[PDB]
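Student: Give me a 3D structure for the following:
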Amino acid sequence: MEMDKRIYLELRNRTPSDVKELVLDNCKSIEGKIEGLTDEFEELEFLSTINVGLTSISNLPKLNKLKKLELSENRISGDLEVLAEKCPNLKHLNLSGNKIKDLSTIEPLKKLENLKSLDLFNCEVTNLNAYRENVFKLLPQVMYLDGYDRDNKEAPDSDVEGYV
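Tutor: Residues are numbered from 1 along each chain as shown. For reference, the structure is listed below:
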């Protein structure tokens, strides 16, 4: 079952509008098209595409209820400017192992004022000095980067009740 059929299999259990989370994990794509991810996904919040061979994300539908997009382990070397349209509500984006090597590539992300957390694990920006500090210079929305916030604290899951 290819990328589209992986999606199709789940869409059989529930229609795109009812799919809150659907992951394409290590699934061979059609070619360079997702196909299955249409803007029929009303309440699609969590989605991952771990190692599916996506070089460009110019196949994204306008998911206005999105929350988490894992694009980790893909040949993403740009084409992020499409996110301003398809993801004007996304706060969580994983670029783990993606070919985002320069701060110029993350500039389109400043258009997404909802972004709160970025994952740069094994991302190409690791070859940059003070990569976190430089990201906060451009992207002023994200509060968390690689698990640590602006205070250099690991994102508290319980002990964040206005105290430290």
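
Student: burial measure for the closest residue to residue 22 other than its chain neighbours, as a count.
Tutor: The shortest distance from residue 22 to any non-neighbouring residue, by Cβ to Cβ, 6 or more residues apart in numbering, is to residue 10 (5.4 Å). Any C-beta I mention is one placed from the backbone N, CA and C, and that applies to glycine too. The criterion is other Cβ atoms under 10 Å. On that basis, residue 10 has 17 neighbouring residues.

Student: secondary structure element for residue 10?
Tutor: Using DSSP states H and E, residue 10 sits in helix 3-11.

Student: what comes up buried for that helix?
Tutor: For helix 3-11, the neighbour count (16 or more other Cβ atoms under 10 Å) marks 3, 4, 6, 7, 10, 11 as buried.

Student: ok, now stretch 56-66?
Tutor: 57, 59, 60, 61, 63, 66.

Student: dump the residue contacts of residue 77.
Tutor: Applying Cβ atoms under 8 Å, 6 or more residues apart in numbering to residue 77 gives the contacts 55, 56, 98, 99, 100, 101, 105.

Student: Now the two most distant members of these.
Tutor: Taking Cβ to Cβ as the measure, the contacts of residue 77 span a maximum distance of 15.3 Å, between 56 and 101.

Student: hmm, back to that, shouldn't the residue nearest to residue 22 be in contact with residue 23?
Tutor: No: Residue 10 is beyond contact range of residue 23, at 9.3 Å (criterion: Cβ atoms under 8 Å).

Student: where exactly do the strands run in this structure?
Tutor: 21-23, 46-48, 68-70, 92-94, 117-119, 144-145, 148-149 (DSSP state E).

Student: can you redo those as TSV with distance to residue 110?
Tutor: Formatted as TSV, the strands of the chain follow (distance: least, Cβ to Cβ, whole Å):
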stretch	distance to residue 110
strand 21-23	27
strand 46-48	22
strand 68-70	17
strand 92-94	13
strand 117-119	12
strand 144-145	14
strand 148-149	18
